[PDB]
Amino acid sequence: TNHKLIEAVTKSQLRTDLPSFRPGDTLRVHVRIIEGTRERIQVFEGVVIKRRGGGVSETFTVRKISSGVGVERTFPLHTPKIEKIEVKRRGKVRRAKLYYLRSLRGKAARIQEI
Amino acid sequence: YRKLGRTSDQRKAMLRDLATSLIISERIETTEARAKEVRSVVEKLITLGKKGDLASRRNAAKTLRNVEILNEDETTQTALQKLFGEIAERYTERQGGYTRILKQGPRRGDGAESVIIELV
Amino acid sequence: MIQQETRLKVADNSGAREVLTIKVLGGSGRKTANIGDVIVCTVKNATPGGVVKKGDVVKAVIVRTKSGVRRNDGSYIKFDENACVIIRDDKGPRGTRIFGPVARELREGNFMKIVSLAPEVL
Amino acid sequence: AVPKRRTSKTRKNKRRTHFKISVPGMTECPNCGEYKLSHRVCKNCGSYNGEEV
Amino acid sequence: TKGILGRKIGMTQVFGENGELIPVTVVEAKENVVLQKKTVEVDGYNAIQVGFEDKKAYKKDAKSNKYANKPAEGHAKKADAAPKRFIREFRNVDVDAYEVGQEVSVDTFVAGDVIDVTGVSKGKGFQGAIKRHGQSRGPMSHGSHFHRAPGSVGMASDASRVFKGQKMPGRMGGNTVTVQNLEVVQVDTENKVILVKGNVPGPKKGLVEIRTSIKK
RNA sequence: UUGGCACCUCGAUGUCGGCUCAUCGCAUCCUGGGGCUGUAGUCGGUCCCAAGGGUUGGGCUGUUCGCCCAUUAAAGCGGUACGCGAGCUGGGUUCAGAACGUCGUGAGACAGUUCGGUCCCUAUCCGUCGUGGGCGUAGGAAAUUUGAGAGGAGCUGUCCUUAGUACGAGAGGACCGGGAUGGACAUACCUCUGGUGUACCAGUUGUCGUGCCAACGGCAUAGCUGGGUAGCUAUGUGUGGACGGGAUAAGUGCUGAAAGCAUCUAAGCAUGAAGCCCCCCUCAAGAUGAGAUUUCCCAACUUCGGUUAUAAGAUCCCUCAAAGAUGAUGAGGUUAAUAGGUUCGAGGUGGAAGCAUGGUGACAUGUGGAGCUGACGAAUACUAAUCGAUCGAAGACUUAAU
Ligand SMILES: [Mg+2]
Ligand SMILES: [Mg+2]
Ligand SMILES: [Mg+2]
Ligand SMILES: [Mg+2]
Ligand SMILES: [Mg+2]
Ligand SMILES: [Mg+2]
Ligand SMILES: [Mg+2]
Ligand SMILES: [Mg+2]
Ligand SMILES: [Mg+2]
Ligand SMILES: [Mg+2]
Ligand SMILES: [Mg+2]
Ligand SMILES: [Mg+2]
Ligand SMILES: [Mg+2]
Ligand SMILES: [Zn+2]
């Protein structure tokens with residue numbers, strides 16, 4: 001494992017409500033956003049291009065095309081800022097990291113559903 | 001890991017030659033640094049032999065050199081076959097520590113620390 | 001990470017298509033600018049009949065970058081391109097339309113009109 | 001690049017103070033009683049740790 | 001003013017109340033005992049001497065620092081304590097607040113305490129002027145035969161020498177460093193762990209000295 | 001600076017500019033403290049104190065300059081062989097080629113131009129940066145230390161509030177005080193974002209092997225390509241220059257005579273700068289003035305001079321890494337987890353082989369988040385740290401006190 005002390009101290013931080021997902025899956029991430037005083041949930045929907053790290057330090061990256069511009073949001077898996085994650089679709093991919101998608105668009109960028 | 005004053009390909013090749021030689025003879029005289037590296041390589045080969053499965057044999061075949069050992073019976077056995085037969089059988093009940101190094105002292109030519117690495 | 005000589009697309013209908021960064025404002029020896037930072041730029045390519053012309057020295061605010069930004073919660077946003085919006089001294093956009101997504105950090109900078117105009121603020 | 005002045009015998013010999021070889025780290029072999037290098041097989045009798053090598 | 005000795009375990013992250021990611025360093029500060037109290041009367045200054053981490057008792061033919069030597073065993077025994085690997089003096093603390101042989105707990109520090117962490121930085125071995133002193137390289141092309149060299153080390157006939165404090169290649173790192181105004185994020189009494197916000201000097205397993213911040 | 005002089009150097013003192021690294025002066029560019037003002041405020045002008053720190057990137061030109069673009073609190077001026085070529089460059093200039101203009105009958109020539117054109121050196125001494133050994137420090141040791149000294153750091157912007165208040169016709173708009181957040185710089189560190197990751201995983205081309213198939217190995221930059229652990233890292237993450245004290249500068253005074261007045265000065269007493277001495281960080285008793293504290297060790301011989309191996313302790317040698325050029329440092333050396341192996345994990349990769357099933361086939365699917373896996377966590381004496389050896393006290397004298 002990691003150092004036992006590191007695991008013991010950060011065990012409370014981990015969230016157990018999160019669903020299981022893999023790179024290539026389409027996720028609807030419900031993010032808590034504060035605009036001025038007001039607080040609202042804004043949904044970022046995209047393909048997961050990367051998952052890395054372990055424990056409290058684990059992160060995942062979701063990619064979406066907005067108005068012809070690719071946008072990537074990287075999130076700590078156990079951040080309290082994410083209200084919820086929903087797996088809209090499961091994608092067939094042949095590798096852990098989908099960096100090749102960054103230079104692809106349209107039909108070339110399509111990922112087949114499992 | 002030790003570089004052994006060789007490039008990656010040369011290092012890997014020499015380690016294969018050393019491991020096979022140790023498997024064949026069961027004892028070899030070499031330099032201390034080479035012996036310290038080879039002990040890891042050989043013991044991992046013994047581990048594969050003890051598992052005994054085809055996948056392990058194929059994984060061992062990647063490292064072992066293709067050599068022929070002539071037995072007293074006059075039967076010919078490959079190094080891979082000796083590893084997966086007699087050597088694996090010997091160390092079934094032993095967990096690790098299949099090799100030992102004995103220091104012999106410096107050699108005349110370059111003052112290199114000569115050592116004997118042997119199975120057991 | 002936008003520096004001197006960095007070329008940025010222009011995310012507006014001001015008439016400028018591509019600008020080149022003359023300067024990163026905000027202190028002596030300041031090397032790089034990211035989203036929300038104001039830069040001085042020259043217009044290299046302009047759409048014909050636009051208000052802003054080629055070779056005009058103008059001020060712009062950075063709205064998207066490939067480098068992206070890190071938020072306090074440890075989350076990150078990165079864009080496929082580096083884009084800026086030509087701005088007036090008041091911080092209002094020279095053009096009437098904003099094109100493409102913009103980072104929320106513009107709200108912190110008080111570029112409210114741009115944030116309002118932008119199709120998506122992320 | 002080059003020495004401005006020749007090195008005197010005194011200066012040279014002061015420099016050679018630490019230019020020396022130590023005695024080998026040797027102990028009497030228990031089996032035969034001849035000196036052997038510590039942690040090495042005894043060359044005379046070919047024994048290490050009370051066993052023939 | 002408080003002080004404790006601990007070993008650096010590693011770094012991790014904790015999520016704050018507002019969900020901000022807080023980079024943290026885990027320090028284990030178990031087995032701290034006040035070995036001696038220094039006084040102005042005897043020593044000329046007031047300090048507590050704290051020994052951290054128990055070591056094995058004396059044996060006849062000990063060959064390592066794992067086993068306490070007879071001098072060390074005696075010093076610890078005067079405090080009625082087991083021999084300790086690391087011993088340090090804290091001058092900041094009030095001597096009266098401590099008694100010899102007393103255990104110093106991690107709970108002495110509380111969350112939100114501003115602290116200064118002292119440790120020996122990681123060694124880097126023999127290092128050139130670029131990495132050791134952050135000097136600029138010479139040109140890599142355009143005929144250059146100057147890449148990672150230190151540059152001119154002086155002037156000419158006026159001074160006919162190199163001034164002391166000229167920056168040259170040498171051993172880098174392995175230096176005592178104090179990082180000031182760090183914060184205690186959390187104290188775990190069960191695991192004897194103090195969570196320090198940010199990063200502290202030295203390798204994992206390295207000794208860290210935590211003190212109440214001098215500047216307040 | 002342009003010169004004058006021709007005193008060291010012609011058995012050689014390399015010359016412009018740039019690059020690298022700086023270092024010093026203050027006639028101060030910015031920031032700090034003041035006086036006067038033709039000082040309303042906001043801004044300025046001028047002079048005094050002040051060298052702590054700071055004092056940006058481009059276009060043109062060999063350029064130094066200088067002009068220009070865009071900044072900045074500011075874009076200071078000088079010395080250091082117009083600092084620095086046994087540190088770098090070699091564009092200009094200052095060889096041999098060639099050409100233009102020009103001059104010369106000509107060979108040729110030109111602080112006129114043009115194009116091209118070999119920058120050597122293994123560091124002896126001092127100096128400097130690191131890193132060991134010896135001896136000393138009146139017994140021999142293990143730890144913890146005081147700090148005489150020494151080094152480091154020292155910079156600033158914008159915004160909000162006080163306050164649309166003071167001031168002002170209006171326009172505009174303070175001080176003082178209180179907050180917030182930056183630039184540049186320094187330092188530690190890899191949790192995060194990235195980089196690298198030649199004994200990690202996977203895909204793939206040509207060719208040659210392992211008899212063939214399948215599966216693998218060699219070579220082709222690591223063949224190439226997609227990822228990537230630890231470590232090392234910046235562009236990444238934390239932290240810092242805080243708050244203060246003492247004495248001062250230019251100043252500003254109080255009391256006050258010489259000099260019945262007056263007067264900051266003579267006696268006396270205050271106040272007063274980013275500066276000085278501290279405060280903060282680091283080194284530090286070879287500080288030969290060698291300091292302090294705690295603990296450990298303490299016997300026999302003897303020619304009575306002293307010796308001795310041993311004590312505490314520390315090494316040799318060996319397994320090593322958080323350490324490292326080597327020394328050194330630190331973790332260990334069987335009454336042992338130091339390393340390797342082994343077993344179980346983390347992280348990485350992304351679905352092994354084999355077999356089965358579907359397809360004419362290329363392939364696909366299942367078994368099965370499979371298999372594999374350097375450095376990271378844990379456990380386990382299976383292998384190696386064997387057996388040994390070496391060094392290392394017995395505490396001088398004088399005086400005073402007890
Ligand atoms: Mg440079
Ligand atoms: Mg080169
Ligand atoms: Mg004369
Ligand atoms: Mg001469
Ligand atoms: Mg002056
Ligand atoms: Mg010069
Ligand atoms: Mg020179
Ligand atoms: Mg030239
Ligand atoms: Mg001439
Ligand atoms: Mg890591
Ligand atoms: Mg092949
Ligand atoms: Mg085949
Ligand atoms: Mg060939
Ligand atoms: Zn022998």
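The basis for the numbers below is simple: all heavy atoms, side chains too, and nothing from hydrogens, waters or symmetry mates. Residue numbers start from 1 in every chain, and the chains themselves are labelled A, B, ... in the order their sequence lines are given, proteins ahead of strands.
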Go through the N and O atoms of the side chain of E28(D) and the base of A389(F), and report whether any donor-acceptor pair is under 3.5 Å.
no
With sugar-phosphate meaning primed atoms plus P, OP1 and OP2, does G151(E) contact a base, only sugar-phosphate, or nothing at under 4.0 Å between heavy atoms?
base
For the side chain of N69(E), starting at C-beta, report the closest nucleotide among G313(F), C219(F), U239(F).
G313(F)
Side-chain donor or acceptor of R11(B) paired with backbone N/O of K3(B) under 3.5 Å
yes
In 5'-to-3' order, the base (B), backbone-only (S) or no-contact (-) status of each nucleotide in nucleotides 131-136 of chain F, using a 4.0 angstrom heavy-atom cut-off, is SBS---
Minimum-distance nucleotide to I87(E) side chain [options: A143(F), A141(F), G348(F)]
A143(F)
Would you find more than 12 non-hydrogen atoms of other residues, nucleotides or ligands less than 6.0 Å from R137(E) atom CZ?
no
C382(F) P sits how many Å from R94(B) CZ, rounded?
8 Å
So if I take every side-chain heavy atom of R132(E) and compare against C129(F), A352(F), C280(F), which nucleotide ends up nearest?
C129(F)
Is any side-chain N or O of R58(B) under 3.5 Å from a base N or O of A353(F), one able to act as donor and the other as acceptor?
no
Counting side-chain heavy atoms from CB outward, which of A81(F), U144(F), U386(F) is closest to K38(E)?
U144(F)
Starting the side chain at C-beta, find the nucleotide from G231(F), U71(F), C189(F) nearest to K204(E).
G231(F)
Can you tell which of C21(F), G57(F), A336(F) lies closest to the side chain of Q135(E)?
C21(F)
Is a donor-acceptor pair below 3.5 Å formed from side chain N175(E) to base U282(F), judging by atom type as modelled?
no
In Watson-Crick or G-U wobble terms, both distances under 3.5 Å, what is the partner of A163(F)?
none
Taking the 3.5 Å cut-off for both atom pairs, check whether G371(F) pairs with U349(F) as Watson-Crick or wobble.
yes
Donor-acceptor pair under 3.5 Å: do we get one between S121(E)'s side chain and the base of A188(F)?
no
Within the 4.0 Å heavy-atom criterion, would you say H39(D) contacts the bases, only the backbone, or no part of the nucleic acid?
base
List, one per line, each side-chain donor-acceptor pair under 3.5 Å for residues 55-66 of chain B, sequence neighbours excluded.
{"residue": "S56(B)", "atom": "OG", "partner": "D53(B)", "partner atom": "OD1", "Å": "2.6"}
{"residue": "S56(B)", "atom": "OG", "partner": "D53(B)", "partner atom": "OD2", "Å": "3.3"}
{"residue": "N59(B)", "atom": "ND2", "partner": "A55(B)", "partner atom": "O", "Å": "2.6"}

Of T32(C) and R211(E), whose nearest nucleotide on RNA chain F comes first from the 5' end?
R211(E)
It should be established whether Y99(A) places a side-chain nitrogen or oxygen under 4.0 Å from OP1 or OP2 of nucleotide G228(F).
yes
Using 4.0 Å as the upper bound for N to carboxylate O, is an ion pair formed by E73(E) and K77(E)?
no
Going 5' to 3' along nucleotides 146-154 of chain F, which nucleotides have protein heavy atoms under 4.0 Å from the base (write B), which only from the sugar-phosphate (write S), and which from neither (write -)?
SS-------
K12(B) side chain, from C-beta outward: closest of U233(F), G218(F), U343(F):
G218(F)
Just checking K4(D): base, sugar-phosphate only, or nothing, at a heavy-atom cut-off of under 4.0 Å?
base
Its glycosidic angle compared against 90° from 0, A138(F) adopts the form anti
Value in whole Å for how far the P atom of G341(F) lies from OH of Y91(B):
17 Å
Identify whether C387(F) and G17(F) are a Watson-Crick or G-U wobble pair (both distances under 3.5 Å).
no
Classify the side chain of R57(B) and the base of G354(F) as holding, or not holding, a donor-acceptor pair under 3.5 Å.
no
Looking at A314(F), I'd like to know if its phosphate oxygens (OP1 or OP2) sit under 4.0 Å from a side-chain N or O belonging to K63(E).
no
So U63(F) and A247(F), Watson-Crick or G-U wobble pair with both distances under 3.5 Å, or not?
no
State which of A337(F), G226(F), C189(F) makes the closest approach to the side chain of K66(E).
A337(F)
Has the side chain of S28(C) got a donor or acceptor atom sitting under 3.5 Å from an opposite partner on the base of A75(F)?
yes
For a quick test of reading the model: is some side-chain N or O of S64(E) closer than 4.0 Å to OP1 or OP2 of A331(F)?
no
What nucleotide among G340(F), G228(F), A385(F) has an atom nearest to a side-chain atom of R39(B)?
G340(F)
Please give, in whole Å, the distance from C317(F) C1' to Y35(D) OH?
15 Å
Which nucleotide in the list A322(F), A86(F), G57(F) gets nearest to the side chain of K23(C)?
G57(F)
Atom NZ of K78(C) and atom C1' of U235(F): how far apart are they, to the nearest Å?
12 Å
Is there a donor N/O on one and an acceptor N/O on the other, under 3.5 Å, for the side chain of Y1(B) and the base of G374(F)?
yes
How many whole angstroms separate atom CZ of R40(D) from atom P of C387(F)?
16 Å
Using Watson-Crick geometry (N1-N3 plus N6-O4 or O6-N4) or G-U wobble (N1-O2, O6-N3), each under 3.5 Å, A299(F) is paired with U308(F)
Would you please confirm or rule out a distance under 4.0 Å between OP1 or OP2 of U233(F) and any side-chain N or O of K131(E)?
yes
Comparing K216(E) with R16(B), nearest RNA chain F nucleotide closer to 5' gives the residue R16(B)
